Amino acid sequence: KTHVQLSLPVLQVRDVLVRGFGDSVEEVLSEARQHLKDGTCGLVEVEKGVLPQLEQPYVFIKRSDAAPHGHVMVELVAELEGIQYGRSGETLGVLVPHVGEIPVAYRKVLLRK
C-alpha cells in the first residue's frame, strides 16, 4: 500500500533515550522508515529548545495534504546543517526511536511510504 495508518507515541524530549536515527541523511530516513514499519518510532513535538537537545540529522514528519479517518497524511523530510532533503508542509514533529519511554499522547497519521 502507498500509505499506512499509524498511531505514533508522542514523547517528551527529556525522556528520549536514543536521540536520532544515525549519522547521514540517507541513513536517518532509512532507519526512520524501518522503525515506523516495526512500530518502534516515537514523535517529539517541536518547540523552542527541542531540536538542540536532539541529534542531527533530524527526521521530520510534515503534512502532505489538506485527513482521512482522523489520520493526517504525512511524509518524511530530513535536515542536516540547515538544509532539508524533501519538500513538504507544516511540521508535525521530529521522529526518534522508541525504546519504551512513556508517551504523553498519540498522534494518528497516514504515512506516505
# chains A, B, ... in the order shown; residues from 1 in each chain; ligands from 1
$ residues_around --residues "residue A:36" --least-positions-apart "2" --cutoff "10 Å" --atoms "only C-alpha atoms" --output "ChimeraX atom specification"
/A:4,6-8,31-34,38-42,95-98,111,113
$ write_last_selection --atoms "C-alpha atoms" --output "short mmCIF file (atom, residue, chain, number, x, y, z; two decimals), in the first residue's frame"
data_model
loop_
_atom_site.label_atom_id
_atom_site.label_comp_id
_atom_site.auth_asym_id
_atom_site.auth_seq_id
_atom_site.Cartn_x
_atom_site.Cartn_y
_atom_site.Cartn_z
CA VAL A 4 -0.17 3.20 6.09
CA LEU A 6 -0.07 4.59 12.24
CA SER A 7 -0.57 5.95 15.74
CA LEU A 8 2.70 7.36 16.95
CA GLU A 31 16.09 3.87 9.79
CA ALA A 32 13.07 6.10 10.41
CA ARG A 33 11.10 4.19 7.77
CA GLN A 34 12.22 0.86 9.25
CA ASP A 38 8.33 -2.14 13.09
CA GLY A 39 6.23 0.03 15.42
CA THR A 40 9.30 1.34 17.24
CA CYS A 41 9.14 5.03 16.25
CA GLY A 42 8.22 7.93 18.52
CA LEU A 95 10.89 11.36 14.76
CA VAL A 96 13.07 9.37 17.16
CA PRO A 97 13.48 5.74 18.08
CA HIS A 98 11.05 4.49 20.71
CA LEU A 111 2.27 7.84 6.26
CA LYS A 113 5.53 5.04 2.18
#
$ select_by_dssp --residues "chain A" --states "strand (DSSP E)" --output "PyMOL selection string"
chain A and resi 3-10+41-44+58-63+72-80+83-85+91-97+105-112
$ write_last_selection --atoms "C-alpha atoms" --output "PDB file, in the first residue's frame"
ATOM      1  CA  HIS A   3       0.035   4.811   2.667  1.00  0.00           C
ATOM      2  CA  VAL A   4      -0.171   3.197   6.095  1.00  0.00           C
ATOM      3  CA  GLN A   5      -2.187   4.307   9.119  1.00  0.00           C
ATOM      4  CA  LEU A   6      -0.069   4.589  12.245  1.00  0.00           C
ATOM      5  CA  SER A   7      -0.566   5.951  15.741  1.00  0.00           C
ATOM      6  CA  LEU A   8       2.701   7.361  16.948  1.00  0.00           C
ATOM      7  CA  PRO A   9       3.595   7.757  20.638  1.00  0.00           C
ATOM      8  CA  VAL A  10       4.365  11.379  21.484  1.00  0.00           C
ATOM      9  CA  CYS A  41       9.142   5.027  16.253  1.00  0.00           C
ATOM     10  CA  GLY A  42       8.222   7.928  18.524  1.00  0.00           C
ATOM     11  CA  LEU A  43       7.357  11.582  17.834  1.00  0.00           C
ATOM     12  CA  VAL A  44       8.630  14.722  19.625  1.00  0.00           C
ATOM     13  CA  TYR A  58      16.825  15.159  12.000  1.00  0.00           C
ATOM     14  CA  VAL A  59      13.849  13.376  10.501  1.00  0.00           C
ATOM     15  CA  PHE A  60      10.584  15.366  10.442  1.00  0.00           C
ATOM     16  CA  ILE A  61       7.045  14.306   9.592  1.00  0.00           C
ATOM     17  CA  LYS A  62       5.361  17.073   7.631  1.00  0.00           C
ATOM     18  CA  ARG A  63       1.784  17.448   6.441  1.00  0.00           C
ATOM     19  CA  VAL A  72      -3.206  13.327   8.902  1.00  0.00           C
ATOM     20  CA  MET A  73      -1.382  12.495   5.674  1.00  0.00           C
ATOM     21  CA  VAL A  74       2.360  12.961   6.217  1.00  0.00           C
ATOM     22  CA  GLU A  75       5.699  12.476   4.534  1.00  0.00           C
ATOM     23  CA  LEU A  76       9.288  12.360   5.738  1.00  0.00           C
ATOM     24  CA  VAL A  77      11.839  15.168   5.365  1.00  0.00           C
ATOM     25  CA  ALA A  78      15.404  15.079   6.712  1.00  0.00           C
ATOM     26  CA  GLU A  79      17.513  18.069   7.793  1.00  0.00           C
ATOM     27  CA  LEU A  80      21.269  18.476   8.242  1.00  0.00           C
ATOM     28  CA  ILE A  83      19.444  22.073   4.549  1.00  0.00           C
ATOM     29  CA  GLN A  84      16.321  19.935   4.063  1.00  0.00           C
ATOM     30  CA  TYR A  85      16.001  16.884   1.838  1.00  0.00           C
ATOM     31  CA  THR A  91       5.999  20.014  10.654  1.00  0.00           C
ATOM     32  CA  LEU A  92       4.042  17.702  12.951  1.00  0.00           C
ATOM     33  CA  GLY A  93       7.160  16.805  14.932  1.00  0.00           C
ATOM     34  CA  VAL A  94      10.559  15.146  14.868  1.00  0.00           C
ATOM     35  CA  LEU A  95      10.886  11.360  14.764  1.00  0.00           C
ATOM     36  CA  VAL A  96      13.073   9.369  17.158  1.00  0.00           C
ATOM     37  CA  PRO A  97      13.477   5.737  18.078  1.00  0.00           C
ATOM     38  CA  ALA A 105      -0.301  11.342  23.763  1.00  0.00           C
ATOM     39  CA  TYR A 106      -0.687   9.519  20.482  1.00  0.00           C
ATOM     40  CA  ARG A 107      -0.690  11.170  17.048  1.00  0.00           C
ATOM     41  CA  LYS A 108      -2.642   9.450  14.272  1.00  0.00           C
ATOM     42  CA  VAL A 109      -1.031   9.792  10.840  1.00  0.00           C
ATOM     43  CA  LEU A 110      -1.323   8.375   7.342  1.00  0.00           C
ATOM     44  CA  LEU A 111       2.270   7.836   6.260  1.00  0.00           C
ATOM     45  CA  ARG A 112       3.265   8.037   2.615  1.00  0.00           C
TER      46      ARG A 112
END
$ residues_around --residues "residue A:53" --least-positions-apart "4" --cutoff "12 Å" --atoms "only C-alpha atoms" --output "JSON list (two decimals) with N, CA, C and O atoms, in the first residue's frame"
[["chain", "number", "residue", "atom", "x", "y", "z"],
["A", 12, "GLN", "N", 8.11, 13.20, 25.44],
["A", 12, "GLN", "CA", 8.75, 14.42, 25.92],
["A", 12, "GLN", "C", 10.24, 14.35, 25.61],
["A", 12, "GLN", "O", 10.87, 13.30, 25.79],
["A", 13, "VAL", "N", 10.82, 15.46, 25.15],
["A", 13, "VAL", "CA", 12.22, 15.41, 24.69],
["A", 13, "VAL", "C", 13.19, 14.95, 25.77],
["A", 13, "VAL", "O", 14.13, 14.18, 25.48],
["A", 14, "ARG", "N", 13.00, 15.36, 27.03],
["A", 14, "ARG", "CA", 13.96, 14.95, 28.06],
["A", 14, "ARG", "C", 13.87, 13.48, 28.46],
["A", 14, "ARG", "O", 14.80, 12.99, 29.12],
["A", 15, "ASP", "N", 12.82, 12.78, 28.04],
["A", 15, "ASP", "CA", 12.71, 11.35, 28.27],
["A", 15, "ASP", "C", 13.39, 10.50, 27.19],
["A", 15, "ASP", "O", 13.65, 9.32, 27.43],
["A", 16, "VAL", "N", 13.69, 11.06, 26.03],
["A", 16, "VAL", "CA", 14.17, 10.26, 24.90],
["A", 16, "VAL", "C", 15.57, 9.73, 25.17],
["A", 16, "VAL", "O", 16.52, 10.47, 25.47],
["A", 17, "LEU", "N", 15.72, 8.40, 25.06],
["A", 17, "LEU", "CA", 17.00, 7.79, 25.32],
["A", 17, "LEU", "C", 17.89, 7.72, 24.08],
["A", 17, "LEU", "O", 19.11, 7.81, 24.21],
["A", 18, "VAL", "N", 17.32, 7.54, 22.89],
["A", 18, "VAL", "CA", 18.09, 7.43, 21.65],
["A", 18, "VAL", "C", 17.67, 8.59, 20.77],
["A", 18, "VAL", "O", 16.54, 8.61, 20.26],
["A", 19, "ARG", "N", 18.53, 9.60, 20.67],
["A", 19, "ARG", "CA", 18.12, 10.93, 20.28],
["A", 19, "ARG", "C", 18.20, 11.20, 18.77],
["A", 19, "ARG", "O", 18.11, 12.36, 18.35],
["A", 20, "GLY", "N", 18.30, 10.16, 17.95],
["A", 20, "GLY", "CA", 18.34, 10.29, 16.49],
["A", 20, "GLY", "C", 18.48, 8.91, 15.90],
["A", 20, "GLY", "O", 18.67, 7.92, 16.61],
["A", 44, "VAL", "N", 8.38, 13.63, 18.69],
["A", 44, "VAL", "CA", 8.63, 14.72, 19.62],
["A", 44, "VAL", "C", 8.11, 15.98, 18.97],
["A", 44, "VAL", "O", 8.50, 16.31, 17.84],
["A", 46, "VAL", "N", 7.82, 19.79, 18.20],
["A", 46, "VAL", "CA", 8.91, 20.75, 18.12],
["A", 46, "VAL", "C", 8.46, 22.04, 18.75],
["A", 46, "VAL", "O", 7.42, 22.60, 18.39],
["A", 47, "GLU", "N", 9.24, 22.49, 19.73],
["A", 47, "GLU", "CA", 9.08, 23.78, 20.37],
["A", 47, "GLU", "C", 10.48, 24.35, 20.62],
["A", 47, "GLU", "O", 11.49, 23.66, 20.47],
["A", 48, "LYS", "N", 10.54, 25.63, 20.97],
["A", 48, "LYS", "CA", 11.81, 26.23, 21.35],
["A", 48, "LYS", "C", 12.53, 25.35, 22.35],
["A", 48, "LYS", "O", 11.94, 24.86, 23.32],
["A", 49, "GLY", "N", 13.80, 25.11, 22.09],
["A", 49, "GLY", "CA", 14.65, 24.31, 22.94],
["A", 49, "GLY", "C", 14.70, 22.84, 22.59],
["A", 49, "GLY", "O", 15.58, 22.12, 23.09],
["A", 58, "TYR", "N", 18.18, 15.34, 11.53],
["A", 58, "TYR", "CA", 16.83, 15.16, 12.00],
["A", 58, "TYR", "C", 15.95, 14.53, 10.94],
["A", 58, "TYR", "O", 16.10, 14.81, 9.74],
["A", 94, "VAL", "N", 9.29, 15.75, 15.25],
["A", 94, "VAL", "CA", 10.56, 15.15, 14.87],
["A", 94, "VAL", "C", 10.53, 13.69, 15.33],
["A", 94, "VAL", "O", 10.06, 13.39, 16.44],
["A", 96, "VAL", "N", 11.97, 9.98, 16.41],
["A", 96, "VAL", "CA", 13.07, 9.37, 17.16],
["A", 96, "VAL", "C", 12.74, 7.91, 17.38],
["A", 96, "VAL", "O", 11.56, 7.53, 17.43]]
$ atom_distance --atom1 "atom CA of residue A:30" --atom2 "atom CA of residue A:69"
27.0 Å
$ closest_residue --among "A:99, A:87, A:81, A:55" --to "residue A:21" --atoms "only C-alpha atoms"
A:55
$ closest_residue --among "A:1, A:45, A:71, A:82" --to "residue A:57" --atoms "only C-alpha atoms"
A:82
$ select_by_dssp --residues "chain A" --states "helix (DSSP H, G or I)" --output "count of residues only"
23
